[PDB]
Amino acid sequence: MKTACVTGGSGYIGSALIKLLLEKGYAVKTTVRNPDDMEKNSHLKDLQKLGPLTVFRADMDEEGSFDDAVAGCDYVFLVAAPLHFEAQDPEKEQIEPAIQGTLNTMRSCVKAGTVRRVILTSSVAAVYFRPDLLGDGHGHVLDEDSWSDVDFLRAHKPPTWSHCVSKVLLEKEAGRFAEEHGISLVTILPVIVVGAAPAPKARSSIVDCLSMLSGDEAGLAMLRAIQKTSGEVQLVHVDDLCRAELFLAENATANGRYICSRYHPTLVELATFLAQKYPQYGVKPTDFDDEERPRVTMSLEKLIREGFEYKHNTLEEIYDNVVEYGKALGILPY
């Protein structure tokens, strides 16, 4: 009955969100960059079996190309995002495109006239970078009023700086635009996302949350960096993320931005669990021993306050199906 658009149907979170929407009885429209690439989009034919799913070609770099996909939709889930750290001139190759691609899609929402709410998928990368609070030696609970320090990041350009800046600025810009055109925009801010999805060529979070099993050095360094900063990592099941996105679309009183997170283990806790549950990978939990650090953690309360309920609540439930996904994707060798 109601219709929704999901940008980046070939993506990890995008594919999972399409599945939820179809299961929930939505007509769905999704965009990919090359609808003919079955290497990336073989899942779309399968998803079509669950309900009305229509595929469009669109590129965030190409103005107006989202017009057709967004037309008629009651809800638009802005999931697709450049990402890809690369380097060189991040300001012109990551940040500016990130901002413009977002406004590109926003304008299609205005053109459609039908869009009752836009859900923007951002990231706690736009929340956590508070150099006043990291390194003061105290614990902190960061909430939705916390914004990553764009000025400090541009001045000092630490690792992943363009990523946090991209997210902060595209969120601010989309909110300004939504303000100006009287469109309702809600933003969700996930932590590390765990779990299986329809997408056949995903990597993204799966590499990181599986890095103790694969030994992938980039993912391992990412996990250790988060813990050295926060004293913990933060995790959420992809299906809870998708349900939170739909919750925010459907509940009229939802407003502003929302952290989405459920379980906050130390790496030693996470490695201990993984080594017991999946001994075939040889995880050594002592590889992740660390002194206790003050906790700089994310508040889970806003979604809870507004009535949302997570279904994957223990560490084991958060890891209920990601290993098999990683195997199928070749991220894990067996």
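Just count from 1 along the sequence shown to find any residue number.
Per the PDB record, of the two stretches 216 to 224 and 80 to 88, 80 to 88 carries the greater mean B-factor over its C-alpha atoms. As listed in the deposited structure, the average C-alpha B-factor of 21 to 29 and of 311 to 319 is greater for 21 to 29. Ranking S146, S211, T187, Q94 by Cα temperature factor from the entry places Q94 first. If you compare the C-alpha temperature factors of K167, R154, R243, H264 in the entry, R154 comes out highest. The PDB entry assigns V283 a C-alpha temperature factor belonging to the middle third of its chain's modelled residues. Among the modelled residues of its chain, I192 has a C-alpha B-factor that falls in the lowest third according to the deposited record.
Per-chain ranking of the deposited C-alpha B factor places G231 in the middle third. Among the modelled residues of the chain, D136 sits in the highest third by CA temperature factor in this PDB entry. In this PDB entry, the Cα temperature factor of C73 sits in the middle third of its chain's modelled residues.
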